[PDB]
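The chain below stands alone and is given as structure tokens, in the form deposited in one PDB entry.
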């Protein structure tokens, strides 16, 4: 199953997913929970939607592995497993959050490209579309730093002007003013790209519409700051005549809940027990004062991962 070659094809379907954090175990200081099974389920749903929609290109951004430096064999084997699966559907371009194995794999394949530098790369998509990738990976400096970054973005704008069909910006950074980190103003994302695929933020954000610029988010709620979050992937469709459209692919991951109390008194105990009873995800209790020896709530309630 190799690529198609359709004359005058003026469209491109993209799956963009990000920030998988393969290998994460949560709440290791209170109650370790291995998130793999939930994550593999979320990823499977993303793989199946990609197949279902017959996408042309899959973009992966952000931290696909939880461990900055020392991913486990399982985490690595899961990554390569899902990479392979995706490459069966459509070509995969990865902007990382080893340089050796990435460069080698890109050489020997026509369906995975690791963009490991600031240099543009042209890729071929599932139906023969030509796509120019403008990458902005994580890069000592201080305010010359800002001028460095800005110089790099300017170069990518010029290289984007040299596109044949589609141009796609990929970046691993924090958009200034979100509501060491690399902080970059959204106005400096080259305006002449058709899509800007961003990663590193766990939460789905539509940053702007022109160029359409999106963080898809993580696929699980990694910690309690993510309880109100949208988790999933994004499906983007590009057509030469027209504005880009996109649909969120929800990963439907386990819900999180933080229950708050001054003291864990009689009423707070009943509140906690009732709530967790049939709650299908994980619960945190936040309280302020000790008032006696606390009952063994974690032995009693398997969903409760943190009192603290």
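Between two forms, the rigid core is the largest collection of C-alphas that superpose within 1.5 Å. Numbering follows the first chain given and starts at 1.
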{"query": "Continuity check for residue 179 and residue 180, given as deposited residues lacking coordinates between them", "finding": "4 to 9"}
{"query": "Deposited residues lacking coordinates between residue 71 and residue 72 (none, 1 to 3, 4 to 9, 10 or more)", "finding": "none"}
{"query": "Comparing 231 to 239 with 140 to 148, the one whose average Cα B-factor in the PDB entry is higher", "finding": "140 to 148"}
{"query": "180 to 188 versus 219 to 227 - which carries the larger mean C-alpha B factor in the record", "finding": "180 to 188"}
{"query": "For residue 11, the third of its chain into which the C-alpha B factor falls", "finding": "middle"}
{"query": "Residue 213 - Cα temperature factor, lowest/middle/highest third of chain", "finding": "lowest"}
{"query": "Residue 271 - Cα temperature factor, lowest/middle/highest third of chain", "finding": "lowest"}
{"query": "CA B-factor ranking of residue 98, expressed as a third of its chain", "finding": "highest"}
{"query": "Residue 67 CA temperature factor, ranked by third within the chain", "finding": "highest"}
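Absent from the display: the form deposited in another entry. The rest refers to it.
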| item | value |
| --- | --- |
| CA of residue 25, rigid core aligned, shift of 2 Å or more between this form and the one not shown | no |
